[PDB]
Structure formats: C-alpha cells, structure tokens
Amino acid sequence: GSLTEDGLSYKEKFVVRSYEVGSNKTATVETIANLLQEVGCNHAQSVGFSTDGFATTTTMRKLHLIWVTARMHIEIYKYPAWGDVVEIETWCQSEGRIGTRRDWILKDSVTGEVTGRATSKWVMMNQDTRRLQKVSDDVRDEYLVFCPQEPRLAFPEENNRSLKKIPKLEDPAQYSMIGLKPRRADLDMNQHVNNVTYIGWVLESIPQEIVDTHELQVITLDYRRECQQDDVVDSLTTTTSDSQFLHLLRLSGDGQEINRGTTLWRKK
Amino acid sequence: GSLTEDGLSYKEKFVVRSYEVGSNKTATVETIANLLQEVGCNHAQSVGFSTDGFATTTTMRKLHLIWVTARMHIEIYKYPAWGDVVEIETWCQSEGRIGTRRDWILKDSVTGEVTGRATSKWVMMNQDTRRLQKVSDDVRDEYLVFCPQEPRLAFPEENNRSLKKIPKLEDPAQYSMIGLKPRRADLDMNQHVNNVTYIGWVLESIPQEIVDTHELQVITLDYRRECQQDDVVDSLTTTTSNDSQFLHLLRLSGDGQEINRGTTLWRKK
Ligand SMILES: CN(C)C(=O)c1cc2cccc(F)c2o1
Ligand SMILES: CN(C)C(=O)c1cc2cccc(F)c2o1
C-alpha cells in the first residue's frame, strides 16, 4: 500500500483468501472489518503514529492517552469473491473537540466500481482510568497536517444511517446466543478483545435462516464498554421490520451493556 | 503465488497483518496454520482440483468422496513479525493406499533462512457416511503427475516428532478450558469447523504464564472426529515434562467423545 499523491489518504489492495469467505464463497463482514483495520494501521505507520490500533502521538503516550472506537458503520453493496482483488482507500478528519473520524471506500480493483463504504468515530480516553476527554489544540494540530482541510465524507447524504441514534433493546429479546467468550485468537497485541470480535458476537444471535436467505447490507455498532479477556457475553436480537434488527451485547452475569447496534439485510 | 519451474510444488509470499500477531508482535501459530491452508488451496486451484479445502477430483465428487486431515505437525524456529514477508513452499506426495501427505517449508523472504516447517496426513472419506477408504489406482494416478516422484520430505530425520504415537490424557487433567463453542467466523464455506479452530481450542487450556514466558516450538495434532456447528468442547492439558511439554485432549462437553489429541513443546523466551 501507499499514501496517495497529496499525502492526505492511503490506499491498499488485498486478495480475498480461502479461509476469509462464507457459504456464498464471498468475504464475510468480519473479513471486511479486519481489512479496514489493517489499512488504518498501515496509514498510521506511514505518517509516524503508533501501530497498536490506537494511532497515538508521543505526547499522548506520555499522558497515557489512547484513541478508542465509539461507533463503526459499514455498508456493503457487493462482497468480494475468493481470489478477487479489493482496493481500499482510507482517510481521517478531526471532528472538533469531540474526537476524530476515520472513513473508508472499498472498490473492485478490476472494474473500479465502489463496492462498499465505512465510517468510524473515535474518542480520546486515558488508558488506566478509562475516563474520556476532549481533544486539546496541541494534539489536534499534530493530526491536522495529515487530514484533508475541506470536508471529505464517505457518507455525505443529510440524515444518513451512520449518524442515527440507536435505542436499547427491551427484554425479552426475540433471539439470543448466550455464554460467548473470547479465545486468544480474538485478542490484539495488547491482550484486548479486537473490535471485529464484537461484530461477530452481534451476528451470532441472527437466525441461520436469515443468514442463508439474506445478505447483510448495513451494520451500525456503538461500543460502550470493553469485554475483558475473562468476561462472558450474551448477544440479543429483535426484528424491528428488507429485514432490520436491533442488537444488544451485555455481560452474562450482571447484564452490563457493552454494545448496541442495528443491521439491515436484503433478500438474496 | 505460482507453481515452481518443474510444476511439482507451489510458492507464495504473504505480508504479516496487524490483526494476525500476538503479544510478541509476531504471527500466532493459528495465523501460520491459516497461511498453510491458503497456500494449499492455491496449489490445488493451480492444477485443477477443487478449492473447498478437500482438493478432490471429478471422479471423487461423483462418488461423494473427500480428503480430510488425520494429523497436522508444525515446527516454528522464528515467528515472522508484523509487516514481515514470509515465503511458503508446498508440495504433496501419495503414501500408497493409506492416503496423501502435504508438506510445507516457511522462509524469511529477505534472508532466505528456513523459519518453519510443517507436514500433514490426509485420508479419503465418504462425505455422507463418514467411512474411510483406501486410495484406488484410478484416484492415485490423477494426483501422481502433480507430485515429486522421488521422496521429498519436510521432516526427513529418522526419529522425528511428526510420526510419534500420541497417548490419551487420563482424568483428572492438570488444566482445562470448558464450554468452548464455534461462532460463524470459525466455519469454512461448507459450514464445517475450520481445522485451525481446533489448534486454537487445544491452546486455550495452556496457562497464560506459560504463553507469557515461553514460545511454542512444536505442535502435533491428531483429528479423530469433527466438532459440529452446534457442539460444545472441553480442552484438557497436562504437563508431561528450559523446555516444557504438554499432552492435550479435546472432547465433547457432554458425553466426553474424543475429537482431537495432541502434544506441544515450548521453549523459554
Ligand atoms: C483514531 N485515529 C486518531 C486515527 O486512526 C488517525 C487519525 C489520523 C490523522 C491523520 C493520519 C492518520 F493516519 C490518522 O489516524
Ligand atoms: C489432501 N490433498 C489430497 C491435497 O491437498 C492434494 C494432493 C495433491 C497432489 C498434487 C497436487 C495437489 F495440489 C494436491 O493437493
């Protein structure tokens, strides 16, 4: 991969692998989410930020500050098949004192057609106390020289799906998958649960008949709290409708919320 | 990737990804196992066999016959770091009427040094009845034109670890991880549990202190029976031993039916 001509975005190509595809012989949404993370990491390395998933500066590191995902929104028009080459372009933008945004555009390398798009909201947090904080001028100016100055949005449309408020699922849930636990393959280099595992956990409570007859078109996920390595999760889903679902991940014992989200599925 | 000059082996390069590494910032053994699987699949595609993990012929497909892994053996000398380029060469050999063998050699692309090696034994099974069978001349002859004629072994040594008999762990196990269940990401295109998930499950019962102070050098895993999508597994481990060795057993959570057995060898960091 490489930074583009103006140095304000990064592109990379990936060939879809045999173990990365589902029953349709096309990439799963978790494979897509892993590729989004990989290209984000390579963009951070290319300009000198940390390469641990937190994309921090030396100033943030001394203060024990990190960037954490608050929301992920992905829309796929066509999932790439096994052996296909997908090109992904990514860029970031500061969103004032609130935090930052990372956007992505996925294209079929052969046709040049846009096959997907994604956006994510990130907030600054002290890694020890877990307390959020606004972004100061000093940290903001370190990032601004690597971002487009004029707004560039993967989801420009007014009142689009990426910015909608997600309600809390009410008990009883229509469907559930209980007792979900991470294994070492679900952890990152810092022993934290990888963000993509939560997408997988949300999808576990979708009935297999839906997965067999529909394709996932849109997923919006809010991240409220981390699942620790020794935590156990319950995945809950209720149909709200194309088929739409409301989702909730919570700790198996006390019922503490870790994530909430929505999915939109199209009949095959 | 591509078939080599003589057409009897296949090579492919991979760059280690950010989400593919563990706490050491180097590729996990499950990332290595996935890469071995990917290069095996690309080798099968290159010569016309099926690309579903079973590497079958048209004759096998009509008879509902598939190849399934009976044993996997991996030895890693150096795990590649994030951003490193690893080159993997793979080839197959028929092992008479018993089945076939697939071998791999992993190299550091920059230095050319061998950083790992692996071997796997495959048997022919009817997909529906799950009954094993010997390999007939007709099936054997279809594969032989794509294999070296003279023996070529990733593990040539006379008393090598890849062919040792594995005993059955006796209760009580020293360590355990109970209630392990596959999720959709653990399944292949045919909705079967991916072979690499079992490696992950075996490793779940190794204490975290061992993982934090040692590096996995060798893993030998026997595959006895499949874990279905709605099955639940228990992973059991007992120390058998600057080197630590363990004996492993995966079995169904309820009736205790064995699905896998294996051994691991770890060296102090
Ligand atoms: C969540 N954060 C802070 C990031 O991922 C991030 C921001 C950014 C700006 C310019 C260039 C980059 F590579 C950037 O990475
Ligand atoms: C487990 N099996 C049967 C295989 O993976 C296999 C055997 C083989 C022989 C020549 C060339 C190939 F590509 C081969 O693939």
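Letters A, B, ... mirror the listed sequences (proteins, then strands); counts begin at 1.
A donor-acceptor pair is defined here as one N or O able to donate and one able to accept, closer than 3.5 Å; no such pair exists between the side chain of A/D108 and the backbone of A/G112. Using modelled atom types, one side-chain atom of B/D188 and one backbone atom of B/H192 make a donor-acceptor pair closer than 3.5 Å. A donor-acceptor pair under 3.5 Å is absent between the side-chain atoms of B/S23 and the main chain of A/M189, judged by distance alone. Listed for the A/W104 side chain is a donor-acceptor partner under 3.5 Å among the backbone atoms of A/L36. Looking at A/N24, its side chain never comes within 3.5 Å of a backbone N or O of A/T26 through a donor-acceptor pair. Judged by distance alone, the side chain of A/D231 and the main-chain N or O of A/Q228 form a donor-acceptor pair under 3.5 Å. One N or O on the side chain of B/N194 and one on the backbone of B/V196 form a donor-acceptor pair closer than 3.5 Å. Judged purely by atom type and a 3.5 angstrom limit, A/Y223 uses its side chain to pair as donor or acceptor with the backbone of A/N195.
For the residue pair B/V16 and B/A81, the shortest heavy atom distance occurs at CB-O, 3.5 Å. Taking each heavy atom of A/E226 and A/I258 in turn, the nearest pair found is O-CG2, 4.1 Å. Scanning both residues, B/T28 and B/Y79, for their nearest heavy atoms gives C-CE2, 4.3 Å. B/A118 and B/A154 get closest at one heavy-atom pair: O-CB, 3.8 Å. Among all heavy-atom pairs drawn from A/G83 and A/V15, the shortest one is O-CG1, 3.7 Å. Taking all atoms of both residues into account, the shortest heavy-atom contact from A/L153 to A/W91 is C-CZ2, 4.0 Å.
Ion pairing of A/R183 with B/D186 is present here, as a side-chain N (NZ or NE/NH1/NH2) and a carboxylate O approach within less than 4.0 Å. Salt bridge annotation for B/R224-B/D222: absent, with no cationic side-chain nitrogen under 4.0 angstrom from a carboxylate oxygen. A salt bridge does not link B/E258 to B/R225: none of the charged side-chain nitrogens sits closer than 4.0 Å to a carboxylate oxygen. Between B/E20 and A/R17, at least one side-chain nitrogen of the basic residue sits less than 4.0 Å from a carboxylate oxygen of the acidic one, meeting the salt-bridge criterion. A salt bridge is defined here as a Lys NZ or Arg NE, NH1 or NH2 lying under 4.0 Å from an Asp or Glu carboxylate O, and A/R117 with A/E89 fails to meet this definition.
Side-chain contact, B/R71 with B/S120: no donor N or O sits under 3.5 Å from an acceptor N or O. For the residue pair A/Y19 and A/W82, no side-chain donor N or O sits within less than 3.5 Å of a side-chain acceptor on the partner. Between A/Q174 and A/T239, the side chains place a donor N or O and an acceptor N or O closer than 3.5 Å (distance only, hydrogens not considered). Judged by distance alone, the side chains of A/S162 and A/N160 do bring a donor and an acceptor atom under 3.5 Å apart. Checked by atom type, the side-chain pair B/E204/B/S235 shows no donor-acceptor distance below 3.5 Å. With no hydrogens or angles considered, a side-chain donor-acceptor pair links B/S18 and A/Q37 at under 3.5 Å. In summary, the side chains of A/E38 and A/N34 do not present any donor paired with an acceptor at a separation below 3.5 Å, with no hydrogens or angles considered. If you check the side chains of A/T4 and A/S9, you find a donor sitting under 3.5 Å from an acceptor.
Ring-plane geometry between B/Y10 and B/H43 is classed as parallel, the angle between the planes falling under 30 degrees on a 0 to 90 degree scale with a further cut at 60. Between A/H73 and A/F155, the two ring planes are perpendicular [angle over 60°; tilted spans 30° to 60°].
Here the CG atom belonging to B/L63 is positioned 11.5 Å from the CG atom belonging to B/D128, to the nearest 0.5 angstrom. Rounding to the nearest 0.5 Å places OG1 of B/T197 at 15.0 Å from NZ of B/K181. Distance check: B/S50 OG to B/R61 CZ gives 5.0 Å after rounding to the nearest 0.5 Å. Atom-to-atom distance recorded for B/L252:CG and B/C227:SG is 6.5 Å, nearest 0.5 angstrom. Here CG of B/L132 is found 9.5 Å from CE of B/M124. Values are rounded to the nearest 0.5 Å. Note that CH2 of A/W122 and CZ of A/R102 are 7.5 Å apart. Values are rounded to the nearest 0.5 Å.
Ring centroids of B/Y143 and B/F49 are separated by less than 6.0 Å, placing the two rings close together.
In this structure, the side chain to side chain contact (heavy atoms under 4.5 Å, CB included) partners of B/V202, at least two apart in sequence or on a different chain, are B/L221, B/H248, B/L250. With sequence neighbours left out, the side chain to side chain contact (heavy atoms under 4.5 Å, CB included) criterion links A/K13 to A/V85, A/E87, A/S109. A/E215 is linked by a salt bridge (charged side-chain N to carboxylate O under 4.0 Å, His left out) to A/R266, counting only residues two or more places apart in sequence or in another chain.
Around the CD1 atom of A/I178, the shell of radius 6.0 Å holds no more than 12 heavy atoms that belong to other residues, nucleotides or ligands. By the 6.0 Å contact criterion, NZ on A/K267 is open, its count of non-hydrogen atoms from other residues, nucleotides or ligands being 12 or less. Counting non-hydrogen atoms of neighbouring residues, nucleotides and ligands closer than 6.0 angstrom, the CG atom of A/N159 reaches no more than 12 such neighbours.
Contact annotation: the side chain of B/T90 never approaches that of B/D103 to less than 4.5 Å [non-hydrogen atoms, C-beta and beyond].
Each of B/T56, B/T58, B/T57 was scored for a side-chain hydrogen bond (donor to acceptor under 3.5 Å, both in side chains) with B/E142, with one residue passing: B/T57.
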Take B/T51 and B/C41 through the side chain to side chain contact (heavy atoms under 4.5 Å, CB included) test and state the conclusion after the steps. CA-CA 6 Å; B/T51 61; B/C41 184; 4.0 Å; yes
Kindly determine whether A/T31 and A/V29 satisfy side chain to side chain contact (heavy atoms under 4.5 Å, CB included), including the steps that lead there. CA-CA 5 Å; A/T31 286; A/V29 74; over 6 Å; no
